[PDB]
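Novice: Sending over a structure as structure tokens; questions will come in a sec.
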Amino acid sequence: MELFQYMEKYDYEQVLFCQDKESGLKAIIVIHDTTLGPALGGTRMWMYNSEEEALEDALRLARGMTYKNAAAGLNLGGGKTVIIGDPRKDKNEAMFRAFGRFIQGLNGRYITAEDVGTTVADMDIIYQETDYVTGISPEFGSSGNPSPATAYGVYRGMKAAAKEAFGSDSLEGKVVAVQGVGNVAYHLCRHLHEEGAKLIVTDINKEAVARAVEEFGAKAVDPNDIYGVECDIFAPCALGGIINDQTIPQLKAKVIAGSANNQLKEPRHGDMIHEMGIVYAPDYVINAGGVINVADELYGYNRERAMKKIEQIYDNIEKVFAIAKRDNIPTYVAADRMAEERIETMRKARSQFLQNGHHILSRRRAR
Amino acid sequence: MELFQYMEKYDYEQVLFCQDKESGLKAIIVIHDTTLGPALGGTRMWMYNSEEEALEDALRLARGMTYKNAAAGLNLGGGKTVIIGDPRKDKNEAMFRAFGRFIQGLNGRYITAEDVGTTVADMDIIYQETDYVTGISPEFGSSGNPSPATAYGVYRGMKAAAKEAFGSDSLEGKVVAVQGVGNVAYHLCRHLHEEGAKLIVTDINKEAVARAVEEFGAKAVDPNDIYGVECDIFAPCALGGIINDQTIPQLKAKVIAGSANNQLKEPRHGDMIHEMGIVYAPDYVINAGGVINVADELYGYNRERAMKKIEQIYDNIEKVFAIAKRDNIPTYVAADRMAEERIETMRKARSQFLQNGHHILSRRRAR
Amino acid sequence: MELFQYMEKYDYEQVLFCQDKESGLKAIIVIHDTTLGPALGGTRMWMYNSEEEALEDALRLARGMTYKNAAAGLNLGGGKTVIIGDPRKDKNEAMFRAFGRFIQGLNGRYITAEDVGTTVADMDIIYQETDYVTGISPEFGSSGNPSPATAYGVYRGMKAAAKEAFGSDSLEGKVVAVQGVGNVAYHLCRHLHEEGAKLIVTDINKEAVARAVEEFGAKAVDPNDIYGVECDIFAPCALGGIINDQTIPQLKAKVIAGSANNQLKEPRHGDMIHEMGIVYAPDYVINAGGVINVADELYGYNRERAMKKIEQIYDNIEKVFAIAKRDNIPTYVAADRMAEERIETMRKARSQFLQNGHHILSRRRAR
Amino acid sequence: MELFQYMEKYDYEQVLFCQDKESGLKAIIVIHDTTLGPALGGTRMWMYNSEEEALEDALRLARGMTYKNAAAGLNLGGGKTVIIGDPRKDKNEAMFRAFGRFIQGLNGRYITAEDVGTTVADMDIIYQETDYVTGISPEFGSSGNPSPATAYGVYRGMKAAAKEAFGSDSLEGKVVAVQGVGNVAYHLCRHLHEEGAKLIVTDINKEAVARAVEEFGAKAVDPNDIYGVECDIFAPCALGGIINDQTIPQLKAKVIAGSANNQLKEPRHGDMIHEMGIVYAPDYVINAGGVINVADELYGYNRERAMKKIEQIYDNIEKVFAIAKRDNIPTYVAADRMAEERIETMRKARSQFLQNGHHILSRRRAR
Amino acid sequence: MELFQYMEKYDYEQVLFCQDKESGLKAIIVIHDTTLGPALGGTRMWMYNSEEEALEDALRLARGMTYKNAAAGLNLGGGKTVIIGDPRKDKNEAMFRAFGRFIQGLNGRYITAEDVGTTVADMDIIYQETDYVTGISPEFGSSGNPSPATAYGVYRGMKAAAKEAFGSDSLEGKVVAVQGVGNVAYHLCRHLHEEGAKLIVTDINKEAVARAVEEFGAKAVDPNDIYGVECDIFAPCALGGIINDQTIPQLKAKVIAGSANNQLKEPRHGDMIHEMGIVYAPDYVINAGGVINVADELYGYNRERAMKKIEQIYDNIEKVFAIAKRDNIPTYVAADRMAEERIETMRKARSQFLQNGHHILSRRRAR
């Protein structure tokens with residue numbers, strides 16, 4: 001792969017190959033940047049055809065978590081673990097005890113969470129070997145549902161995009177097209193219905209569409225023609241790779257703001273959306289409520305402080321649009337430049353010496 | 001006794017004779033294996049005819065607690081204390097203060113609990129001299145009833161044995177024969193009645209049988225002919241030494257799963273049950289809910305985490321049956337081999353160096 | 001390279017790629033086994049044609065340091081760092097400050113020393129960022145010359161091989177052929193002359209040969225015909241890859257024991273030496289005095305304790321010959337099996353629980 | 001300014017100029033006296049025409065906070081921060097992270113709170129860098145409303161002034177003139193109405209006056225003629241510089257006790273009030289309930305302990321009147337002499353040596 | 001002075017005015033940059049006509065100590081204290097106890113040393129109140145003479161300037177003109193005489209010139225005509241403001257390298273020297289041996305480590321000349337750019353997260 005070239009181009013700090021033979025563990029922990037704080041990242045378990053696929057996947061997701069943690073306003077870096085295996089036939093206790101000791105061998109330099117492949121029962125075997133794991137506690141296990149947080153963040157980001165494209169943030173009388181009636185999208189439809197906006201929903205499964213029509217008064221629409229529905233705000237919440245050459249000329253909308261990951265298939269499509277005047281708020285800034293929710297657990301979990309932090313996605317999208325109007329660049333470039341300016345400024349502004357400095361893992365006064 | 005021969009055959013770590021003259025304490029603390037964690041064990045007070053009886057008793061119970069803690073999924077070893085005395089005439093404060101200082105002189109290498117002979121008022125005099133005692137707190141003193149936990153574990157293990165012998169774990173329409181209407185068995189009958197299974201109960205006392213018939217709708221059966229009752233699942237919950245040559249040819253059942261200790265009188269009877277095709281789930285894996293409940297107190301007691309751990313006795317019995325079908329061995333051998341493979345694998349998989357490793361007694365972040 | 005296959009075959013714990021862009025650091029830290037203690041290893045700086053050459057080099061040297069630390073009697077594991085660069089044009093302060101922070105980010109799990117490529121001025125920039133570096137102190141900087149220690153170890157190992165092949169360890173009247181008149185070999189010739197043995201020396205440089213003939217009374221021999229000199233003990237001290245098909249049929253000797261690294265070019269040549277009856281003491285057991293000398297610094301450096309530990313290379317070679325006579329195997333296999341049996345036995349014998357255990361990095365009482 | 005002369009006249013301990021260029025921070029932290037405890041002070045952000053205006057402002061407010069903390073009965077000193085900037089256009093995260101590191105660089109010698117210019121969202125960016133900030137917690141964020149505390153203190157001080165001027169503290173049947181129907185004054189009117197006193201309220205805004213007349217039964221009076229209303233107690237709660245030559249000969253009252261800051265415009269007006277026999281309780285002793293409320297958070301916030309401490313403003317005003325009758329001096333001089341005698345006595349009475357002394361920032365037993 | 005403008009232009013971190021009335025202390029502590037480490041600076045006591053003179057003096061010396069500590073290779077920042085008073089009539093114990101408590105109130109952020117005005121008896125009263133003072137110990141009080149260290153640094157820097165201007169660093173046969181026969185210059189003449197260089201010395205006092213002629217064989221030259229002496233290397237060691245318009249056209253030399261502070265009166269004279277081809281090594285890089293000697297005490301004082309660090313002034317002057325030839329700039333600009341590039345690179349290269357990082361004040365393992 002010529003792996004030091006790919007590390008040197010983007011300034012990756014570490015790549016770290018864990019292996020344990022008596023448990024079958026093969027893990028790749030990738031740390032991109034730990035300037036702001038410790039590298040928080042998910043632990044993803046998935047079977048690959050080779051090692052290089054897992055390596056490329058971990059490197060891309062480490063860079064993405066760096067920009068997500070930086071733009072969210074968190075004192076956390078970017079990293080990502082990929083465990084190579086099958087999560088249906090190749091899990092046991094011994095590989096997560098070994099992996100928790102490898103995380104404890106980094107001394108808090110990398111904090112792990114759950115992701116595609118692992119559940120919160122594997123982040124309890126790891127918790128037996130380390131503190132540097134989030135999503136573990138009975139407090140977050142009770143009052144820490146990730147999907148209302150993610151939907152509340154999508155709500156605030158859609159308010160900010162509405163005030164950008166319309167002048168006022170009031171959605172009372174708007175037509176919101178949502179695909180997927182998953183948990184995040186269902187709580188999003190609850191927030192939009194309690195505001196009093198007209199909703200048009202769809203999903204692959206007919207049962208969730210029927211539940212949404214019975215509850216919040218929407219239109220049962222086929223999943224193939226949600227793009228051509230005349231609306232203001234389109235909120236994609238199902239998959240990625242949506243916006244491509246097949247799907248651009250069907251949008252009758254002008255605002256795209258949803259909880260989907262990797263929404264732009266290629267950056268040229270973001271350039272095309274920037275040409276067409278469709279207000280695109282970027283993907284990893286809107287849906288950043290769940291990472292804020294799992295990162296607030298490090299303080300000792302409290303729901304009011306967490307939701308008060310999730311409220312600021314409004315101001316985050318507002319700063320993205322301010323930088324995009326300032327430099328006359330597309331908004332997916334504006335979000336990256338927002339995150340990089342925050343990293344550079346917090347390196348140059350936290351430079352004076354202290355021998356008792358606080359960070360995200362410091363043990364401080366209870367109060 | 002030739003005591004180093006008996007220690008060398010089974011690899012007992014320590015035997016330790018405590019004595020205090022001004023209080024009358026004579027105690028035998030036996031630690032078998034501390035590979036997984038500290039040796040948790042009960043403190044049992046009972047009058048013996050000699051020293052050698054107490055020594056043999058402590059050695060057998062230390063080995064049994066090793067296999068119980070290993071098969072339960074706990075990071076705890078196996079030990080056992082025997083205090084030689086009479087618990088009706090030979091208790092005072094001074095022997096438990098002396099004994100708590102002898103436990104503090106092991107530095108957390110042995111953790112004690114209550115057992116036959118002691119109450120939770122003697123594990124409060126010990127708590128004045130040590131932290132290494134469980135069953136002490138007002139939190140566990142309020143919400144830590146051992147018998148609903150033990151019955152919930154017997155419930156889950158009976159589900160696993162039902163899915164082994166029947167195909168599905170649903171007991172809606174099954175005939176469960178229970179002897180003893182003690183507290184564990186009464187909560188077990190509550191769980192089985194809320195599921196909707198037909199129950200047949202008996203006990204030595206007529207009053208508990210009358211209470212069970214008034215509450216959960218069962219048959220008042222004499223204690224001598226519970227064995228010949230035609231049923232699917234027999235749940236022994238009264239004493240040990242039940243299954244012997246007198247009692248084998250009366251079983252019309254095919255599943256034995258109860259909360260009784262030392263159910264097989266001799267291992268040849270387990271070989272006979274393995275010949276007859278009666279699905280025997282082993283005794284120290286089913287009834288392991290109480291040890292999980294008193295071991296969850298070491299984290300700071302929380303009922304939801306404890307019951308979430310007690311739920312896994314289903315998967316424990318499932319692994320016992322998987323190993324028994326894998327090696328074509330009886331299930332009481334399969335449980336021992338499950339526990340020994342867990343001990344060997346956790347020795348070989350937690351071997352990499354850390355200078356800040358966590359264990360069951362570590363002081364960690366609150367969160 | 002299919003790097004998890006090569007890790008899984010030999011049970012490598014970690015490989016770890018460090019990178020720093022504003023300093024130009026590209027480093028590969030490889031940790032093989034940390035069962036006995038922390039992984040002590042050299043930091044080697046050398047320019048490679050690719051990444052894969054550096055990776056293979058670090059993996060081989062990590063395995064070699066594991067067996068060297070295990071056979072020496074040290075509570076240390078095996079690792080190795082390779083920095084990819086040129087040590088004549090590509091050193092500055094910033095890469096060693098970055099690299100010292102990457103060592104501090106392992107939390108004592110890896111301890112570094114100097115090797116081919118670095119000096120003890122680069123292990124002073126690293127010492128500003130970490131404690132986990134050896135060869136740093138003014139005490140070891142004064143009284144810690146590595147070459148008298150390595151020569152004293154070669155002296156003791158040659159005594160053990162002499163008692164194996166001759167019956168008595170007295171070399172008073174023996175003919176020792178030494179190639180290279182480097183510092184280790186010069187102190188070795190001093191020890192052999194103070195014992196009273198007849199010496200035959202050679203070197204590539206004529207000046208060192210002239211110094212050796214003026215000082216210790218030897219024969220100025222050409223470097224090409226040292227192999228055919230009739231002697232008892234041949235002590236190679238210059239390079240590796242010596243014993244090959246070109247050089248086997250010239251030996252008139254019967255004992256090979258020198259301070260050279262990688263003496264057998266291929267293991268088939270060790271099989272041939274085992275056929276011919278030439279007593280071969282293995283290479284990484286004889287010359288292990290320098291690693292003992294730099295590992296004794298971790299206690300606080302003391303010359304008498306260090307030399308008392310270097311004395312035991314006699315007993316180490318004696319155990320290698322005991323295992324080789326026991327299993328009827330060649331001695332280079334016997335040294336590997338000695339080291340592996342020490343690792344397995346110290347894993348199975350240090351298994352009982354302690355919450356205050358000591359290791360090589362523990363802070364203990366001064367006394 | 002000849003700044004050491006102005007420091008030497010009043011014994012200011014420190015003035016400290018913070019600056020950060022990449023964030024735009026220009027701050028002046030002034031510490032007057034830290035005899036009683038750490039210097040608690042507000043952080044005030046306001047735009048000045050020069051540096052010297054900000055310097056004079058910080059020095060005056062540091063002296064005022066010294067006397068306020070001393071007369072309140074708190075173990076806290078006096079300080080004050082002035083940040084030079086515009087709080088509408090010149091705030092970002094980087095200046096408060098820099099400023100929190102400058103507070104952490106004082107090591108608990110200065111504790112900050114919010115004031116005119118900052119909100120409790122800027123004392124959350126500072127909380128990421130330090131512990132020495134109050135008004136931060138979700139406990140104080142829920143149950144720590146400052147205005148009921150300040151009104152409860154004004155209530156108790158008005159009771160003490162009523163017992164001074166009338167003989168009994170019962171206000172059942174008195175006429176209380178209040179200007180401003182702000183939050184402190186509205187809760188004050190609630191306390192006075194639940195006691196059963198006749199109220200006469202006014203404010204600049206007509207809506208608050210209408211709310212007060214609808215709720216507590218008062219007279220809607222114009223803001224210009226509240227001074228000439230015949231009453232017993234006048235409670236100014238709007239601004240400062242009230243009592244001047246234009247406003248003295250309109251008072252038909254005899255007790256002045258309100259929550260306003262800097263009530264006497266010049267001390268000669270306090271001399272005139274002392275001549276006229278109008279009982280003036282001093283301004284920084286009555287309204288000291290909010291500083292007590294934000295200072296009780298340092299113990300771990302508890303509402304009952306805080307209100308039990310706010311109750312003692314009765315005894316504080318009683319001691320001010322005792323000293324004023326003792327030395328035949330005006331009451332604004334009596335409050336300063338009360339505070340200075342407390343500082344001198346607590347310096348001379350806490351002088352005996354301890355090597356484990358407690359202060360406001362000590363970490364002590366939970367209990 | 002408009003003091004925030006002068007701070008903002010050069011990025012001064014803090015200015016801090018200490019005052020104590022019962023002891024008469026008036027002190028100005030100025031911290032310029034603490035990026036590399038804690039701000040080490042001298043404590044200078046001198047009587048000024050005003051406050052602004054002392055303020056300007058402290059600001060200039062803080063910037064100068066920043067560049068001196070950065071170019072020397074030390075992990076220390078730049079600061080400076082000025083105490084306003086008379087060191088002949090206005091010293092007592094109480095002002096230095098008060099001042100030591102003000103240094104302890106910075107928590108290691110500023111480390112003090114002696115300078116013009118204070119002795120090492122006032123840095124023993126301060127040592128009673130703080131650890132952050134250097135020049136205190138009996139070890140440095142015995143073996144820590146500053147003048148042999150400063151002369152050894154001037155020796156190495158003159159070697160580097162000789163290899164720049166001549167090709168080889170050998171001074172055997174060169175003519176070195178030295179003014180001042182102070183302690184630094186006397187040890188410098190000892191080093192140059194033991195090398196075997198021809199010396200020409202002068203001083204204001206005739207006795208030191210007579211001692212130098214009796215000891216090292218030089219020429220007794222009048223102090224006014226040392227500039228016109230034909231020589232290679234001129235080593236000014238008496239005062240500053242030497243090189244001005246009156247003194248430029250008398251130099252028959254080509255190398256200027258001495259221990260004097262502020263040698264160039266104005267930077268235009270450095271431009272003139274850069275035009276004339278006279279090799280000027282900069283002043284604050286050559287004479288930096290004393291600051292290295294007092295900064296090595298923070299590790300626990302050891303003479304060999306200190307002199308091994310003072311040896312590198314050779315490489316420091318070599319890097320100054322490399323940057324000056326690289327950018328075609330004068331050498332006094334090249335030294336500032338060397339120091340600024342070291343500060344920027346060590347900010348960008350020590351950026352990865354650690355929660356146990358080492359600095360100059362860390363308590364680490366003895367070894």
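Ligands are numbered from 1 in the order shown, chains are lettered A, B, ... in the order of the structure tokens, and residues start at 1 in each chain.
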With the cut-off set at 10 Å and counting only C-alpha atoms, tabulate each residue of chain A with an atom at most that distance from an atom of chain C, showing the nearest atom pair and its distance in Å to one decimal, ordered by chain and increasing number, as CSV.
Specialist:
residue,atom,partner,partner_atom,distance
A:1,CA,C:51,CA,9.7
A:2,CA,C:51,CA,6.9
A:3,CA,C:51,CA,7.9
A:4,CA,C:26,CA,7.1
A:5,CA,C:51,CA,9.8
A:7,CA,C:19,CA,7.0
A:8,CA,C:21,CA,6.2
A:9,CA,C:21,CA,8.5
A:10,CA,C:21,CA,9.0
A:11,CA,C:21,CA,6.2
A:12,CA,C:19,CA,6.8
A:13,CA,C:19,CA,5.5
A:14,CA,C:18,CA,5.1
A:15,CA,C:17,CA,5.3
A:16,CA,C:16,CA,4.5
A:17,CA,C:15,CA,5.3
A:18,CA,C:14,CA,5.1
A:19,CA,C:13,CA,5.5
A:20,CA,C:13,CA,6.6
A:21,CA,C:8,CA,6.2
A:22,CA,C:11,CA,9.1
A:24,CA,C:8,CA,8.8
A:25,CA,C:8,CA,9.5
A:26,CA,C:4,CA,7.1
A:27,CA,C:4,CA,9.3
A:28,CA,C:16,CA,9.9
A:29,CA,C:16,CA,9.5
A:30,CA,C:17,CA,9.7
A:50,CA,C:2,CA,8.3
A:51,CA,C:2,CA,6.9
A:52,CA,C:2,CA,8.7
A:102,CA,C:14,CA,9.0
A:103,CA,C:106,CA,9.9
A:104,CA,C:107,CA,9.0
A:105,CA,C:106,CA,5.8
A:106,CA,C:106,CA,5.0
A:107,CA,C:107,CA,6.1
A:108,CA,C:105,CA,8.6
A:109,CA,C:105,CA,7.0
Novice: Go ahead and save the residues from that selection, with N, CA, C and O atoms, as a compact mmCIF listing (two decimals), in the first residue's frame.
Specialist:
# COMPACT_ATOMS: atom_id res chain seq x y z
N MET A 1 0.84 -1.19 0.00
CA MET A 1 0.00 0.00 0.00
C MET A 1 0.89 1.25 0.00
O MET A 1 0.44 2.34 -0.39
N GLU A 2 2.16 1.05 0.38
CA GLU A 2 3.12 2.11 0.68
C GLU A 2 2.55 3.02 1.78
O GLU A 2 2.19 4.18 1.56
N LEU A 3 2.47 2.43 2.97
CA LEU A 3 1.57 2.93 4.00
C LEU A 3 2.11 4.20 4.66
O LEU A 3 1.31 5.03 5.10
N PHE A 4 3.43 4.39 4.70
CA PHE A 4 3.94 5.66 5.20
C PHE A 4 3.70 6.82 4.25
O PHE A 4 3.63 7.95 4.71
N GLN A 5 3.55 6.57 2.95
CA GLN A 5 3.16 7.65 2.05
C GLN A 5 1.74 8.12 2.34
O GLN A 5 1.48 9.33 2.41
N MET A 7 0.16 7.75 5.14
CA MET A 7 0.15 8.43 6.43
C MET A 7 0.75 9.83 6.33
O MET A 7 0.25 10.76 6.96
N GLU A 8 1.80 10.00 5.53
CA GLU A 8 2.49 11.28 5.46
C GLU A 8 1.67 12.33 4.72
O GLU A 8 1.76 13.51 5.05
N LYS A 9 0.86 11.91 3.75
CA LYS A 9 0.03 12.87 3.01
C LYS A 9 -1.02 13.53 3.89
O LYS A 9 -1.30 14.72 3.72
N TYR A 10 -1.62 12.80 4.83
CA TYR A 10 -2.71 13.33 5.64
C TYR A 10 -2.33 13.54 7.09
O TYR A 10 -3.19 13.97 7.87
N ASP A 11 -1.08 13.25 7.47
CA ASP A 11 -0.56 13.36 8.84
C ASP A 11 -1.38 12.50 9.80
O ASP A 11 -2.00 12.98 10.75
N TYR A 12 -1.40 11.20 9.51
CA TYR A 12 -1.87 10.22 10.48
C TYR A 12 -0.82 10.02 11.54
O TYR A 12 0.37 9.90 11.24
N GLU A 13 -1.24 10.00 12.81
CA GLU A 13 -0.27 9.78 13.87
C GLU A 13 0.16 8.33 13.94
O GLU A 13 1.34 8.02 13.79
N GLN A 14 -0.78 7.42 14.18
CA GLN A 14 -0.44 6.02 14.36
C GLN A 14 -1.39 5.10 13.62
O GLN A 14 -2.57 5.41 13.44
N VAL A 15 -0.86 3.96 13.21
CA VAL A 15 -1.62 2.78 12.86
C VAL A 15 -1.05 1.66 13.71
O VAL A 15 0.17 1.61 13.92
N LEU A 16 -1.89 0.76 14.22
CA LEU A 16 -1.46 -0.14 15.27
C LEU A 16 -2.15 -1.48 15.09
O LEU A 16 -3.37 -1.56 15.18
N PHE A 17 -1.37 -2.53 14.83
CA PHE A 17 -1.92 -3.85 14.50
C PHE A 17 -1.87 -4.73 15.74
O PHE A 17 -0.79 -5.16 16.16
N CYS A 18 -3.03 -5.02 16.30
CA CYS A 18 -3.13 -5.95 17.42
C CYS A 18 -3.44 -7.35 16.92
O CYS A 18 -4.18 -7.54 15.96
N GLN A 19 -2.91 -8.33 17.63
CA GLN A 19 -3.09 -9.73 17.26
C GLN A 19 -3.04 -10.55 18.54
O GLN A 19 -2.20 -10.31 19.40
N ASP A 20 -3.92 -11.54 18.63
CA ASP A 20 -3.87 -12.48 19.75
C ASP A 20 -4.30 -13.84 19.23
O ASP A 20 -5.38 -13.98 18.65
N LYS A 21 -3.44 -14.84 19.43
CA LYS A 21 -3.58 -16.12 18.75
C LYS A 21 -4.54 -17.06 19.47
O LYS A 21 -5.33 -17.76 18.83
N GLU A 22 -4.50 -17.09 20.80
CA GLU A 22 -5.36 -17.98 21.57
C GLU A 22 -6.80 -17.48 21.66
O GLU A 22 -7.64 -18.18 22.21
N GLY A 24 -7.95 -15.39 18.68
CA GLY A 24 -8.30 -15.12 17.31
C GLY A 24 -8.48 -13.66 16.96
O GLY A 24 -9.15 -13.36 15.97
N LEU A 25 -7.92 -12.75 17.75
CA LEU A 25 -8.12 -11.33 17.52
C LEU A 25 -7.15 -10.81 16.47
O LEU A 25 -5.94 -11.06 16.55
N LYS A 26 -7.68 -10.08 15.49
CA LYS A 26 -6.90 -9.33 14.51
C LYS A 26 -7.53 -7.95 14.42
O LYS A 26 -8.62 -7.81 13.86
N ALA A 27 -6.87 -6.93 14.96
CA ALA A 27 -7.46 -5.60 15.05
C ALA A 27 -6.51 -4.54 14.50
O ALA A 27 -5.30 -4.68 14.59
N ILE A 28 -7.08 -3.49 13.93
CA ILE A 28 -6.33 -2.37 13.36
C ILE A 28 -6.87 -1.12 14.03
O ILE A 28 -8.01 -0.72 13.77
N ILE A 29 -6.08 -0.50 14.89
CA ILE A 29 -6.48 0.75 15.52
C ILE A 29 -5.74 1.87 14.82
O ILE A 29 -4.51 1.86 14.74
N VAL A 30 -6.47 2.85 14.31
CA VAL A 30 -5.87 3.95 13.57
C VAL A 30 -6.20 5.25 14.27
O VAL A 30 -7.37 5.57 14.48
N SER A 50 -9.47 -9.15 2.50
CA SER A 50 -8.03 -9.01 2.64
C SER A 50 -7.74 -8.12 3.84
O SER A 50 -8.64 -7.69 4.55
N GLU A 51 -6.45 -7.85 4.05
CA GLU A 51 -6.03 -6.92 5.09
C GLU A 51 -6.11 -5.48 4.61
O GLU A 51 -6.46 -4.58 5.38
N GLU A 52 -5.79 -5.26 3.33
CA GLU A 52 -5.66 -3.91 2.81
C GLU A 52 -7.01 -3.19 2.75
O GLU A 52 -7.06 -1.97 2.92
N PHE A 102 -5.18 -4.20 25.19
CA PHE A 102 -4.45 -3.39 24.22
C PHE A 102 -4.90 -1.93 24.24
O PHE A 102 -4.12 -1.04 23.89
N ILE A 103 -6.15 -1.65 24.61
CA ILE A 103 -6.56 -0.25 24.74
C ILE A 103 -5.98 0.36 26.00
O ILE A 103 -5.54 1.52 26.00
N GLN A 104 -5.94 -0.41 27.09
CA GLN A 104 -5.29 0.05 28.32
C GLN A 104 -3.79 0.23 28.13
O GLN A 104 -3.18 1.05 28.83
N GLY A 105 -3.19 -0.46 27.17
CA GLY A 105 -1.79 -0.25 26.86
C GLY A 105 -1.49 1.01 26.08
O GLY A 105 -0.32 1.27 25.78
N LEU A 106 -2.51 1.77 25.69
CA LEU A 106 -2.31 3.08 25.08
C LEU A 106 -2.39 4.22 26.08
O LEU A 106 -2.06 5.34 25.71
N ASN A 107 -2.84 3.95 27.31
CA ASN A 107 -2.94 4.92 28.41
C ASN A 107 -3.84 6.10 28.05
O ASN A 107 -3.43 7.25 28.10
N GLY A 108 -5.08 5.80 27.68
CA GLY A 108 -6.06 6.85 27.51
C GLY A 108 -5.91 7.67 26.25
O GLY A 108 -6.68 8.61 26.05
N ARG A 109 -4.96 7.34 25.41
CA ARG A 109 -4.70 8.01 24.15
C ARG A 109 -5.74 7.66 23.09
O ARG A 109 -5.87 8.38 22.10
Novice: DSSP on the backbone, strand (DSSP E) only: what residues of stretch 57-291 of chain B does that give? Format it as a PyMOL selection string.
Specialist: chain B and resi 77-84+110-114+175-179+198-202+233-236+255-256+279-280
Novice: For stretch 117-123 of chain C, work out the shell of residues within 12 Å, counting only C-alpha atoms and skipping chain neighbours fewer than 5 positions away, then give it as a PyMOL selection string.
Specialist: (chain C and resi 42-47+81-97+99-100+111-112+128-138+140-141) or (chain E and resi 305+308-309+312)
Novice: Hey, what's within 10 Å of residue B:155 if we count only C-alpha atoms and toss same-chain stuff fewer than 3 positions away? As a VMD selection string, please?
Specialist: chain B and resid 149 to 152 158 to 160 187 to 189 191 to 192 257 to 259 286 to 287 311 313 to 314
Novice: List the neighbours of stretch 245-251 of chain D out to 10 Å using only C-alpha atoms; skip same-chain residues closer than 6 positions along the sequence, and give me the result as a PyMOL selection string.
Specialist: chain D and resi 225-232+234+265-266+268-269+272-273+276+278
Novice: Find the residues near stretch 322-331 of chain A: any atom within 8 Å, counting only C-alpha atoms, skip ones fewer than 2 places away on the same chain, and give them as JSON, numbers by chain.
Specialist: {"A": [270, 271, 274, 280, 281, 282, 318, 319, 320, 333, 334, 335, 338]}
Novice: Mind the document's chain letters and residue numbers, and return as a PyMOL selection string the residues of stretch 166-265 of chain E that DSSP labels alpha helix (DSSP H).
Specialist: chain E and resi 166+183-195+206-216
Novice: What lies within 10 Å of residue B:236 using only C-alpha atoms, ignoring chain neighbours under 3 positions off, as a PyMOL selection string?
Specialist: chain B and resi 177-180+185+226-227+233+239-240+242-243+256-261+263+283
Novice: Work out how far apart atom CA of residue B:165 and atom CA of residue B:279 are and give it in Å to one decimal.
Specialist: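 Atom CA of residue B:165 sits 6.6 Å away from atom CA of residue B:279.
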Novice: In terms of the shortest atom-to-atom distance over only C-alpha atoms, which of A:144, A:79, A:217, A:241 is closest to residue A:58?
Specialist: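 Using only C-alpha atoms, residue A:58 sits closest to A:79.
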Novice: Could you please determine the separation between atom CA of residue B:341 and atom CA of residue B:317 in Å, to one decimal place?
Specialist: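 Pair atom CA of residue B:341 / atom CA of residue B:317 returns 15.2 Å.
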